[PDB]
Amino acid sequence: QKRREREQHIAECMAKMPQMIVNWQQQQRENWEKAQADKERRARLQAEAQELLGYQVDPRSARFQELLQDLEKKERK
Amino acid sequence: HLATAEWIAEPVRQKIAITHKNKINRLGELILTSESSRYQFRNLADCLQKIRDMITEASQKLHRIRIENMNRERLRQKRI
Amino acid sequence: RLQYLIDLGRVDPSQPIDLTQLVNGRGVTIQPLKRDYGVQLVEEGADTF
Amino acid sequence: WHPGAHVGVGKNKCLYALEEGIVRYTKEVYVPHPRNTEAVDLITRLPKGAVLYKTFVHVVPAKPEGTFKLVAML
Amino acid sequence: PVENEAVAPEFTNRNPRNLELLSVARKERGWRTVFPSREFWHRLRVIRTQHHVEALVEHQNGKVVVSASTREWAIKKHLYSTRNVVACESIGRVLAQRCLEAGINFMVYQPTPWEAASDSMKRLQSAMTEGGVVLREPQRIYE
Amino acid sequence: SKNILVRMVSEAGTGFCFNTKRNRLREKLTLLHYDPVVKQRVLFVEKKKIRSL
Amino acid sequence: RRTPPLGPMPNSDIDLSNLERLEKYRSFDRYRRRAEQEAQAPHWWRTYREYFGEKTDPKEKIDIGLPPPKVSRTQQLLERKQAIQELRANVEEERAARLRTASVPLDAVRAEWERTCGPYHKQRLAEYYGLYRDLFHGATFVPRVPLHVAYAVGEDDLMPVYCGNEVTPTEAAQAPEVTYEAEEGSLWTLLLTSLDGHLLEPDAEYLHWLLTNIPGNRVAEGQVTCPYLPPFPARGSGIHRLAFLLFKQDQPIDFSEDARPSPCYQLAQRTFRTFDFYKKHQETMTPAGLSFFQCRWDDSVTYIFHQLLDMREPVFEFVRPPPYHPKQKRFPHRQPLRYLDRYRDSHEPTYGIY
Amino acid sequence: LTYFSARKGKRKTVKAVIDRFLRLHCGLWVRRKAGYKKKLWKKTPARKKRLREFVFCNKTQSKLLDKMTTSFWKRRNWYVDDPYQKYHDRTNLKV
Amino acid sequence: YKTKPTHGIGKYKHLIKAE
RNA sequence: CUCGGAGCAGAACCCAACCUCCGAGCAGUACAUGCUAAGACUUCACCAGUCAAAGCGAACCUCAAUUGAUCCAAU
Ligand SMILES: [Mg+2]
Ligand SMILES: [Mg+2]
C-alpha cells in the first residue's frame, strides 16, 4: 500500500510538473519585464548638472505624480 | 547447426541467421562462447539465456556510420 | 570437500547425510555459543561432483 | 609553466598527464583566447616584429592505443 | 594446413588513418590555456587577405590534407571578386565537395568571435553543411 | 545577517531536498534541480530557514 | 651562474632606445600571423617540432617522372589578363556579387583544376596517406595524367573512384571501367594494389587488377597477367586503402616472374613487393597516373571468404592494453575499499578450505 | 590499556573502536572519514565524495587498534549477506 | 632557467611601456 | 595564541625569530554547486586538505586565507 500510494503520488505530481514549469518560465519573464520597467526609469535622472545630494531630490516629484496618477486611475476603475 | 534445428520455426531461424551472421561458422553452425565466470555450469546457463533472448527478440557511433553512408550515397550519383 | 570426504569414506552415502554425520566425520567445525546457526553450501566444487 | 601535448590543468593550476609516456619541457609561442583581455591588450600594445615565448610541458606517448589481434578463425 | 588459411595472431596495419577513422586514435588534448585547440584530427584554417582568400584543411601534425584558393585560375575564371561573400561561399562549397572527394566527413574549425559573426563565414559554414560535412569531431571511444 | 541558508523540497513527494544560500531581503525562490529518483530537472520550492550566515 | 645564449635570442633586432615611434600590433590577427610564421621557422633550443613532427630526411624526394610541358608564360599570362579583363567588363557580375546570388559550374571547375593544378594536390594526398613511403620507401612522383574509374552498380548508376573515397565490397565485387584519355602511340600499364591487406608480414601488398601492354585508352585489349579478384577486408581489421597505379610503358616488356596462372586465389601468389617490382620491371617506364580509395568488411566479403577464397574467415579485434595499477602494499592509507577491487581478478566470491 | 581485569584477570577491549571501526580478518581496518556529517552546505562535491568514501588506515593505527582490542574481534566471521566476505581475504600480494 | 642560455626568453615588460 | 600572501629563504622542495610588511573569519553567480571513477599531490607524521582522465546522466563557477573534529542536541 505504501509503495503504491507514494508511486501514484509522485506520478501525478510529475505529470502536473510541465504546467507549473511554464508558469515558472513566465514568472521569470514577467520579473524581467518589471526589471525593464524600473531600469527604464532609473536610466535618466537629470539633464542639468551633476549634483552630489541633489541626485535623489527632484525625481521624487515626477515619481509621486505618476503614483498619484495611477492611484486616481485605480479609484476611477 | 541452424537450419537443422526442427524445434525452431523458420521465421526465427532465418531471422537469427540474417541478424547474427558474424558468429555463424563457414559450415553453417552457429557458435557462442562464455568465460565471464569460473563456473562452466553458469556459463552454459547464461549462454542458453542469451540464445533464448535471441529467440524472443526474433519472435518480436551509429550517428557517424549513417552520416558517412549518407555522404557516400549523395556522392555516388553518376550516370553512365 | 564433500567429494573429498565421501572418497575418504568417513561418511556413509548409503544412509541419509546430515550435519550430525558431517561433524562425526569432522568435515566442519561448529561453535553454537558463537551463534553459528549451522552450515551453508558453497558454489565451489560444482565440477568433479 | 603551461600545458600542451596531452596535459590537462586543474582548477588550482596543477598540471597532469592525460596518457602514458615520457615527460619533457620545451619553449613555444603563446596565443591567448580573445576573452583573456589582459594578454590580449598585452599582445596588442606589444611592438611589431617581436613575439613572446613561454615554457610548455609535453608527455610523449610511448605505447599506441592498442593492437589488432585475431579472436576467432572461422 | 592450407597456405591461404595461414594467419598470424596479430595484424599490423601501417595506415595512420585507420585509427582516426575508427574513432580510436588519440587527439592532441591539452593546450587549454592557448587558443588554437589541438583536440582535432582535421583542422580548417581560413586566411582572409586583402587580395585573395585561402582555406587549408590540415592534419594535427601541421601537414596539409587539402587546400582551396582564390589564387587558383580554375576557381577564379568565373569569379568577379576575389574576396566577397560570394567568393567565400563558393570557396566553402568547393572545399566541402573536395572533402567529400577525399572522404573527409568530419573536421574542425576554430573561428574567432568576429570571424564567426561575419556573415561570410556564416554562409560558408552553411554552404559546407548543405554540401554534406559537419564541423564537429566525434568523442573519443576508449572506455 | 545578510544571507540565509534555506532548504527546498521535491513537490512530487519524493522527499529529496537540499540547501542553498539566499538573501533574506529577497522573496521566496523556486528553482529547477536534478532529482535523482525522478531523474530529470524538476522545480523545487524553498520552504523554511535554518540559520543565518 | 649564467651562460651566454647559443643563438640569436628573439626580439633582439628591435631597439629599446626608440619605442614610441615604433608601431605596435594593431590586431590579434597580425600577432597571430607573425607568431605562427616564427613557429614554422626553426630554432636552436628544444621545441615541440623536433619531437612531434615528421623526421623526413633533408634531401629532396627523388622522382624521375613526367616533367611539365613548356608553356609560354608570357602568352599564358596575357590570355589570363584578357580573360579577367572581359570578366570585369561584363555587366551582370556587379549585381550578382553585390546581391550574393551567384554560383559556379562545379564540373567545369573540377575539370580545369584536375587539368592544371590537380597533380600537385594529388601528390600531396599521396604522400599524406603514405602511398609513396610504403611503396617506394620515400621516392615520389607526380600523376600528371588524369584518371577516372567507376564501379557500375546494376545498370543505371555507378560509384566513382577518386582520391579518398569509400568503396563498398558489394560494388567492388566486379571489375570497374577505366579511362585515362592518353593515346601516346605507346603502351600503358595499370595495377590495383592493397597495401595493408596482407597479414603475415608488414611492408607487403596484394594485387587485384592488373593490365599490361595497353595500346591506347581502350582497356579490354590490354592483357591481364593477374586476373581479377576483389579484396577481402576482414571484420575487425578496420580499413584497407587500395591504390590504382598507372605507368607509361614505352615498349612491350616480358613477364616471366610475373606470369601467373588462372587465379587459384593464392595469397602467396598475389603477394610481392612494389619496390623491387618497379626497380626491375619499370626501368623503361615511369609513373603516369595515380588514384586510390578505401574499403571495409561486408557480407560479400564474408561470402568470398567462405566460398570464393576457399578458406575459413578470420575475425580480428582491436584490444587495448590492460589499465595500469601500481604494486599493492600490505597497509594502504587513505584509499577507498575498492582498492582491493582494482586488483582482484574474479569478481565472484571464493572460499578457501570449507 | 586495562591489561588485566579485576574479576577475571584478563584483557578488556574499549568499545569505542568497536563503534568507530571495522576489522578485516587479513589484518586491515577501515573508518568513515571525519567531517562527513557537518557543514555540507559550504563543501564542494569533490570534498563531499572524498568524505563519504571509506578509507583504510596505517599499519601503525591498525596494530595500535589490534593491541588494545582482544582476539575475539580478530577472529574469522562468516556473516550472511554482508559484502565484506570478499575483502576479509587478500588477493595477489607478493613480499 | 637562469643558468641556461634560454634565460629571459619570456620577459616582455621591457618591451611594453612601464607604468 | 588560527589561516593566507611577500622578504628574510636570490636558482626543485623545507626553514625559525616578542624578525620586517600586507591581509582574512566574506562576497558574487548558477542550481548537473548531480552520481560514479583510473591515476597522483599533500603544509615535513596523523587529522585533515587537494587535482582529476574515462563513464551514466546532462548542455551545445571567480576570488587567497574567506574557517572548526568527536560526543551530544534538534529533525
Ligand atoms: Mg607530507
Ligand atoms: Mg570526460
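Its PDB record attributes the structure to cryo-EM, giving the resolution as 4.5 Å.

Bringing the packing of aromatic side chains into the picture now. Residues and elements named next belong to chain G. Applying the stated criterion across every chain yields a total of 29 aromatic pairs over all chains. Relative to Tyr228, the ring of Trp209 has its centre 5.5 Å away and its plane inclined at 75°; by these criteria the two rings are edge-to-face. Placement of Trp209 in strand β6 (residues 206-211) and of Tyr228 in the loop between β6 and β7 (240-247) is noted, with a sequence separation of 19 residues between them. In this structure, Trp209 and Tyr228 share a single accessibility class: buried.

Within the UniProt annotation, "coiled-coil region" is assigned to residues 73-101 of chain G. As annotated, residues 73-101 of chain G has a helix share of 86% and a strand share of 0%, and its two end C-alpha atoms lie 34 Å apart.

Attention now goes to the arrangement of the chains. The highest contact count of any of the 14 pairs of chains in contact belongs to chains E and G. You won't find any contact between chain F and chain G; their C-alpha atoms come no closer than 24 Å. Taking C-alpha atoms only, the smallest gap left between chain D and chain H, which are not in contact, amounts to 12 Å.

Moving on, we come to the interface of chain E and chain G. Between chain E and chain G, the residue contacts involve 56 residues of the former and 61 residues of the latter. Overall, the association of chain E and chain G removes approximately 5,500 Å² of surface from exposure, summing both partners, and the carbon and sulfur fraction of that is 56%. Sorting the residues of chain E by area buried against chain G places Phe11(E), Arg14(E) and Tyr80(E) first, and these three jointly supply 17% of that buried surface. Between chain E and chain G we count 23 residue pairs in polar contact in total. Listing elements by their share of the side of chain E that touches chain G, those giving two or more residues are β1 (10-11), α1 (16-21), β2 (42-48), β4 (64-69), α2 (73-76) and α3 (85-101) of chain E. Top contributing element to the side of chain E that touches chain G by residue count: α3(E), with eight residues.

Within a sheet, each strand pairs with its neighbour through backbone hydrogen bonds, oriented either parallel or antiparallel. The strand order β1(E)-β5(D)-β9(G) describes an open sheet built from three strands, whose pairing is antiparallel. The open sheet terminates on both sides in strands that have one partner only, identified here as β1 of chain E together with β9 (314-319) of chain G. With six bridges joining them, strand β5 (residues 67-73) of chain D and β9(G) adopt antiparallel strand pairing. Looking across to β9(G), one finds that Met73(D) is bridged to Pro314(G).

What counts as what
Residues numbered from 1 in each chain as written, not as in the entry; some residues may be left out. Chains lettered and ligands numbered in written order. Part of a larger assembly, values for the part shown. Heavy atoms only, no water. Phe/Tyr/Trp six-rings, centres within 6.5 Å; stacked < 30°, edge-to-face > 60°. Helix = DSSP H or I, 4+ residues; strand = E, 2+ residues; numbered from the N terminus. Buried < 20%, exposed > 50% of the residue type's maximum accessible area, 1.4 Å probe, protein only. UniProt positions renumbered as here; feature names shortened; annotations may be inferred. Contact = heavy atoms within 4.5 Å. Buried area = accessible area lost by both parts, 1.4 Å probe. Polar contact = N/O pair within 3.5 Å; in protein donor to acceptor, adjacent residues only side chain to side chain. Pairing = 2+ DSSP bridges.

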